[PDB]
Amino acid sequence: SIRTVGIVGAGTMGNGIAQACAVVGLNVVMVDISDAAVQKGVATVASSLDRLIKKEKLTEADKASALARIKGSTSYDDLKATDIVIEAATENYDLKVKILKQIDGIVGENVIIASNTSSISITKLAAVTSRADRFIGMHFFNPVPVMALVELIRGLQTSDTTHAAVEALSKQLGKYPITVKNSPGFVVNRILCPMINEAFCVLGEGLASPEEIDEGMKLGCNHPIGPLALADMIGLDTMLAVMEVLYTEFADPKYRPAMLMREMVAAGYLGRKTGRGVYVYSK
């Protein structure tokens, strides 16, 4: 049984997960490095909950009822309390390793250790823990409370039992889990991101205007957002880096980053987060 979920990292993704567990009545032990980071974690869960109140989504008593289940710590031994720990602090490799080893040292042999990540090899991480068969990848989606799926990524070592447990936890949290063998871009980024890249290739070659490329794809394929606009939301620096990973990990030019993508990144035109990428934004 998994009634208590360890969480390391209390940022966007961390509360994300904590909330998702808590509104289901699971006990979360959320760990960060200050008291500032922890409570600030608790503020966005409160604020988010307060938004749900205000559009007739259940309810005042549950807002209260979820939060009680969140034990927000700063010491790391609190995770002996826990059925499973999810790391969710960093896309930095060396740092990620450290965190997982520290986690590996505290919790008992049979506890499952997961790591949220978009790009990092789940197999390589699993190998740094003393029980690799108890390790598995998760990838949650970027507004976590509402987004109804998770990629569950098996390292080469991830056992079937580790898999079914997390698979069930995910279904519990009310998400549809997707199982994927560890592979660059897993499933989602693997197919989506080279499409974004092809849009840049089209824009790069002068074939059409951006706006028209984007309308092409909205109206033609009934995509909610156009790939260029979407790139501007994700971050072209985030896009370029995914493509560089595909190209490096596969060692195959099929995944060349688009050149215009490289140029915008070099220039600092990174999308909405700098006010300019493919399109210009208001600031």
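Just count from 1 along the sequence shown to find any residue number.
Of the two segments examined, 77-85 and 150-158, it is 77-85 that shows the higher average Cα temperature factor in the deposited entry.
If you average the C-alpha B-factors over 7-15 and over 263-271, the higher value belongs to 7-15. For the set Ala229, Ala46, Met217, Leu246, the maximum C-alpha B-factor listed in the entry falls on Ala46. If you compare the C-alpha temperature factors of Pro184, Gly72, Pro194, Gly137 in the entry, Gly72 comes out highest. In the PDB entry, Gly204 places in the lowest third of its chain by CA B-factor. Per the PDB record, residue ranking by Cα B-factor puts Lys175 in the highest third of the chain. Per the PDB record, residue ranking by Cα B-factor puts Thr59 in the highest third of the chain. Looking at the C-alpha B-factors along this chain, the one for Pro224 belongs to the middle third. Among the modelled residues of the chain, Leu95 sits in the middle third by CA temperature factor in this PDB entry.
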